[PDB]
Amino acid sequence: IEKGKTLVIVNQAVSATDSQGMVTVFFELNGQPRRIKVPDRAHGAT
Amino acid sequence: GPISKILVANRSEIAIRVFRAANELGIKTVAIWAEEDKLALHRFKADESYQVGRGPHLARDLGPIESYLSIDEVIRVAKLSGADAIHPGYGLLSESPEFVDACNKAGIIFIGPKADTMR
Ligand SMILES: [Cl-]
């Protein structure tokens, strides 16, 4: 993110898209779990 | 030039202890970490931090502890980071006169006694 601020990021898994058409990506960030939700534009979802 | 940035050539509790003192005094801090400590607490506890023991500059990957025992790696980091002083904490390179001499060599304050004192 900056000289001397290193993030370690692992893509743990990616969910099937849901209704409302959201996909959640399960990350590990510096050891800690983080879920992020994104629209599935690919495949027609808003 | 009064001490303005300290690199702590250690890990764990003692790295963290030294980061607290420097920081309370207004001094910026640099941590080092081997790959095996990429998730260790101590590395997120400094103002900035850098990896030792792997990369282009090395013939092979250094072992997890060996990465903290490398005089060239610590010095390389003090330069890359622009540190003016190094705290060895305890253990590791804290009682190395070859280490003290290396710091002298590069004009980096060794936060400890003189090389002759360690021999
Ligand atoms: Cl080792």
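Residues numbered from 1 in each chain as written, not as in the entry; some residues may be left out. Chains lettered and ligands numbered in written order. Part of a larger assembly, values for the part shown. Heavy atoms only, no water. Residues with missing side-chain atoms left out of burial classes, pairs and counts.

Method of determination for the deposited model, per the PDB record: X-ray crystallography, at 2.40 Å resolution.

Undergrad: What exactly am I supposed to notice about the packing of aromatic side chains here?
TA: In this description, a pair of aromatic rings is defined by centroid distance and the angle of the planes. All names here are of chain B. All told, the structure shown has 1 aromatic pair over all chains when counted by the stated rule. Aromatic pair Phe 99 and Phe 110: ring centres 5.8 Å apart, planes at 85°, arrangement edge-to-face. Of this pair, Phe 99 sits in helix 4 (residues 97-106) while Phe 110 sits in strand 5 (residues 109-110); the two residues are 11 residues apart in sequence, bridging distant segments of the chain. Lying over the aromatic face of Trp 33, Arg 43 brings its terminal NZ or CZ to 4.5 Å of the ring centre. (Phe/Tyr/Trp six-rings, centres within 6.5 Å; stacked < 30°, edge-to-face > 60°. Helix = DSSP H or I, 4+ residues; strand = E, 2+ residues; numbered from the N terminus. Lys NZ or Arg CZ within 6 Å of the ring centre and 35° of its normal.)

Undergrad: Would you mind going over helix 3 (residues 71-81) of chain B with me for this structure?
TA: Note on helix geometry: an α-helix contains 3.6 residues per turn, so any two residues three or four positions apart are oriented the same way. All names here are of chain B. Buried within helix 3 we find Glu 73, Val 74, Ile 75, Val 77, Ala 78 and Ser 81. The inward-facing, buried residues of helix 3 contact strand 1 (5-8), strand 2 (28-33), strand 3 (48-51), helix 2 (66-69), strand 4 (85-87) and helix 4. Where helix 3 begins, one side-chain oxygen reaches toward the backbone nitrogen of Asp 72, 3.4 Å away; that side chain belongs to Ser 70. One or two residues past the end of helix 3 sits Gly 82, with phi positive at roughly 75°. (Buried < 20%, exposed > 50% of the residue type's maximum accessible area, 1.4 Å probe, protein only. Contact = heavy atoms within 4.5 Å. Polar contact = N/O pair within 3.5 Å; in protein donor to acceptor, adjacent residues only side chain to side chain.)

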